[PDB]
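To start, the structure itself, in structure tokens.
When reading the values below, keep in mind they use all heavy atoms of this one structure, side chains included, and skip hydrogens, waters and symmetry mates. Letters A, B, ... are given to chains in the order of the sequence lines, protein chains preceding strands, and every chain is numbered from 1.
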Amino acid sequence: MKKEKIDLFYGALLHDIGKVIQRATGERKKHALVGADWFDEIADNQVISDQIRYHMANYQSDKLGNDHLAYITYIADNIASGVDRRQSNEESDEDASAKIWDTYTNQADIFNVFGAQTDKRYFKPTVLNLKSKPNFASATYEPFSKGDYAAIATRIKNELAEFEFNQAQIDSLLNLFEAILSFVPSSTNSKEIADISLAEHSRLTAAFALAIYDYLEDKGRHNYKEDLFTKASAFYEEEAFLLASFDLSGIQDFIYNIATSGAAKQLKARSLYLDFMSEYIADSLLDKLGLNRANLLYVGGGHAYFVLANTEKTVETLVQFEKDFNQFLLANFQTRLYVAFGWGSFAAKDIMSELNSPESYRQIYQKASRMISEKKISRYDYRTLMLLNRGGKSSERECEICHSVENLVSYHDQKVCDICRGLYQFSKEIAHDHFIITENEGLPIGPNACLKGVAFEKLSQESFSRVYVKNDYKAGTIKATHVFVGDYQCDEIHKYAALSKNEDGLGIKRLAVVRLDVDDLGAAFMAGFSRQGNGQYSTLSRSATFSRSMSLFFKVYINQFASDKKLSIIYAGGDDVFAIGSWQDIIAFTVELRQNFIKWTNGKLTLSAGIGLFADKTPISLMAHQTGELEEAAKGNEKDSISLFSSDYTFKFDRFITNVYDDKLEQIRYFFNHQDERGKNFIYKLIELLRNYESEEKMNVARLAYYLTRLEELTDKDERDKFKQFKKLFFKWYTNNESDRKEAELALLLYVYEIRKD
Amino acid sequence: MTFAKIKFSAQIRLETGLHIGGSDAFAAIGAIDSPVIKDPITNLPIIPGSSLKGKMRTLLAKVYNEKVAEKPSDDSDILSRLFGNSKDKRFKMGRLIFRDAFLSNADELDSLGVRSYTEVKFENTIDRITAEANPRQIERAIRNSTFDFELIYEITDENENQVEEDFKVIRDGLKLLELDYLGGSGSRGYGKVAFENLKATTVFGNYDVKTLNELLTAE
Amino acid sequence: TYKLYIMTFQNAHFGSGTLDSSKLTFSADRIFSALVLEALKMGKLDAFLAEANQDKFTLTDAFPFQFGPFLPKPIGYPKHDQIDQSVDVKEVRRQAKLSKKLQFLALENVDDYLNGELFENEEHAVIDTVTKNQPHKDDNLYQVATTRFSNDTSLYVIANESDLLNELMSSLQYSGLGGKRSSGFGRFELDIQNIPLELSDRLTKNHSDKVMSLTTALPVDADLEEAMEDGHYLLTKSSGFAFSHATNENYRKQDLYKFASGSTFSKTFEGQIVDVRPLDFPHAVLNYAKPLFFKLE
């Protein structure tokens, strides 16, 4: 990147730190001046400082040149706002500014406008920490506090005291933003809802400024004052932006297809390796376009979105990188993995709220989806398939994990391919925090580029081009890019079968796999905000903060939801969650995750979960397949449902928490913990009567009545009354309806799983 | 002599509770700690063909194996030419095509008055130094249940002089399986079966099964 | 092109690459290899090879048959020209997910799906896995997945009425198809039916309109470029270990990437009975990738 482009980037990203400084200090000066003379106290760079000072176009624009970068930055702000900031007349009247700006309101929850209308909730400004409890939005967190902003200002001042404004530090500073301004409102004006975080708003402003600079450089237009200030309304109609995207097909099949022992380490290493491959695709594509991570809207699950400048050069680099990375994937993974790129051209007009059409809003994203689907349908040309079908290989042995025949090597008396050997090596290197991109050493992550996890102390001894830091919010001594994954691991996978037993030997020696998915996440992205305000709440800002909130919940918060639990989160990105553990801790973790998701999204997004129960030493591919089948069965029950151990036990999830776990199972525990062997053995007769009800309804209710009262008569006199209570309650459950019948059956099944001695 | 296929239709009738077992996904939710293998759809007890093939091969390994069978791959020619053998040229695929066994008297069992097709057997173990009894429960495919047993032996031009020896091997396997158990804890009174209406009929091609049936049934 | 061979199954295991997986329907390569093996073991291998090399021979992938010939979902025809709806994005994504989940349409409504109508899947078979062991060294535990059909669901294949093919089919119905055939899984009962009058007029081999392949076929090099330049398709691997009686050790037969069904093309093409034998081994492995097309609207 050019030095001018870097200065434009920094001026557009730091143009709104003045709001934070003003709120921390309480000064009545304009935020632009406060940010500018704060920047002058920490760094001697006139271009960034006066970009921050003059991002307000009405503030003495005559003192800037016609080619000044500020005229870019200012218009980028209007784009990242999805709102016209001039037509409001908030920019020329100080008295009206003191009346409209409600600086005493914190950031509002993005879900206050999602779906139907409910009670508004607000976030208290807090610094993100990997070990801190979730910051739940509450209606009582609306009032503004200066004390929270004081610590924010102190930390940002301390971190930027010795900051070098260079390309290599770029991503590091962005991470600092994500650590600090993710819960600080971007604007406090009364007429708008403050559900855009200032970090996200600044990131969008910087991305749009870089895109506008690239588009104008390609067109040979250097008079930014005339183009973006004098003719800003005319430029809002120009077709100058691209919403691009890529999807990597084959991720789940590549991760979960393991056939031999040691599947555990390969499984986690493959999940992390595909996440890093998607990250490397995004980073290398940005590097080829001379952009940075600010242009990145979303990366997750192999799905990623970019906002780029609409030029023939951008299209040529897109298709060239498409061909190069597909050639690399054909060389290494054959047809197992395939990346597909699409891009849809859109203008500024269609991302505002006074000029966007909700149809147009979606249309922006739509074109790209249709093009990606078309390229996914038609994958390879005639050369590629003619080459892949050439055969000519006389091989007697194969790889024992993914059944590959390319470059077989011996390892632990077992034949594995080069990629399997790389994941074998990488599984031991997952424990490190730093991952480097070298030219030859490590797992091949891209064209002439390999990924290698190396500890910190050895980082000085290796030649690298890019460094990723996993689950770290601290700006370290090394200029790196920060990525977040869900990778809590309590023990090795083969031990969770034995770990289910307690100290007294209670508990079945079985493991469990949970697959969880948030329903209609794509519809949430596309039209979740269009239901309120007659579609006016549909801007890229709201989709971007929805993406960031989903990432915050499913990449770092899930690690705290997994705390102290005997489980491993193999894959947690976007909407799909995959964990393997002891069955009690797995079900526990699923219940807590959804309760906290319902509290996080205010009941707007629901979850469907499938919890398969499996024995020790079972193949992992079969595990994933059965648990995904249960997840789909749960998806079939009008969504918001949980499927426990079978498609038969599919329940509405809220009913599962309220009725199955803490209502029926608790009473069954309270009763049968006080009972001898005969009462515990009567559970099997109870279950058999529950299963056979449909065939012999009245005879079965007779038999159940008999069995309950014979156990009445067998119970001691002191314990008789509690039995009468349980007998009445269970008879009511059995005679009420089929839903309570199935719930009682599941509660009995869970309890008999808990007490099993074998 | 040209292609032929001979089918040994029979009706396995459990004289004692059968416990083939193997609860993995569907039968795993049985709440018994040892569920019998069932049909995923009708939840009916099933005798898989693998159980019959394995038990017949292990039983004939004690009669038609002159050398000690350290591994099934090192079985005698007679056994490996019927049950197959992965590590030889001629005997890669065997001449015996077993089939699963499904309940066929479910209506008769309903007429008798049963409520379930799998009983629960309660057992216990007595310690020797102490005397505390540890109890346990295991499922049992109830007796007087019939399963359709159907095994096909293929007759090929090259393997024609060995038809009589093969027929003796099937006879000695079916009547050894009638004396030993069929899966489960057979040494404690389990899995006793009986092949009723044991009849061999040529199906594809043609053969003189009329000489085989008389020496198959009765004696 | 002539018959509607139906085969009622009760339990079968068609591997998808691993022993623990079992597909609902088998591909044409599996049944072609089964027929070739049956002809070889009976003695009349050369007659079946001569019939297969002729252009009159036809074979299609197994498709479900439940009170009416069912067919593969046309890949690439949910086309927006007949799928434009005014519903909200929630319903749009729900119907897109339902279409993507659909794998087999009924012949009675195939054109209806081409008009934009929406259909759902049907209860055909349950994919269950059974765990077995080897009690000879007491250190083995394997798992086999099966595809036990019900709801009176059979499978059907489209082949010419020929005495040889009918005899090989009748011999195959007591040999099983795919998987552990000598363990119970794979057996079926044969029946021979005539093609319904709503299918024979469209079941084709040569026009210039848009034709859904009903077979995992691989075009020759002459028309491959013209096939993919205006075609919608899917790719499947026909890899595996080549079953053979002339080696003491198994050999991985050559990998092959074939166009699945239903891949739509702008025109018909020619297939191949491709040799995928490892080098220096007398008898070869034949992979059948020859098209049987369906005419569309």
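- Side-chain contact annotation: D24(B) with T129(C), donor-acceptor N/O pair under 3.5 Å absent.
- Around atom CG of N206(B), no more than 12 heavy atoms belonging to other residues, nucleotides or ligands sit under 6.0 Å away.
- Proximity to chain C (any heavy atom under 4.5 Å) is restricted, for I37(B), to the side chain, taken from C-beta onward.
- In terms of heavy atoms, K92(B) sits closest to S244(C) at CD-O, 3.3 Å.
- The minimum heavy-atom distance between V203(B) and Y174(C), with the atom names listed, is CG1-CE1, 3.7 Å.
- Separation of atoms NZ (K89(B)) and CD (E249(C)) is listed at 7.5 Å; rounding is to 0.5 Å.
- Within a 6.0 Å sphere centred on NZ of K5(B), other residues, nucleotides and ligands contribute more than 12 heavy atoms.
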(request) Verify side chain to side chain contact (heavy atoms under 4.5 Å, CB included) between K41(C) and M93(B), making sure each step is shown before the conclusion. (result) CA-CA 11 Å; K41(C) 65 179 73 175; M93(B) 186 66 204; 5.6 Å; no
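- Proximity to chain B (any heavy atom under 4.5 Å) is shown, for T146(C), by neither the backbone nor the side chain.
- Looking only at side-chain heavy atoms (C-beta outward), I41(B) and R148(C) come within less than 4.5 Å of each other.
- Heavy atoms closer than 4.5 Å to chain B are found in both the backbone and the side chain of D128(C).
- Atom CG of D100(B) and atom CD of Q10(C) lie 7.0 Å apart (nearest 0.5 Å).
- Between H136(C) and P72(B) the shortest side-chain heavy-atom distance falls below 4.5 Å.
- Among the candidates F26(B), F204(B), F3(B), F102(B), the residue making the largest number of heavy-atom pairs closer than 4.5 Å to chain C is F204(B).
- Taking the side-chain hydrogen bond (donor to acceptor under 3.5 Å, both in side chains) definition, one finds that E196(B) meets it with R13(B), sequence neighbours left out.
- Taking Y251(C) as the reference, nothing meets the side-chain hydrogen bond (donor to acceptor under 3.5 Å, both in side chains) condition, with sequence neighbours excluded.
- Here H245(C) contributes atom NE2 and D88(B) contributes atom CG; the two are 9.5 Å apart, rounded to the nearest 0.5 Å.
- The two atoms that bring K132(C) and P48(B) nearest to each other are CE-CB, 4.4 Å, heavy atoms only.
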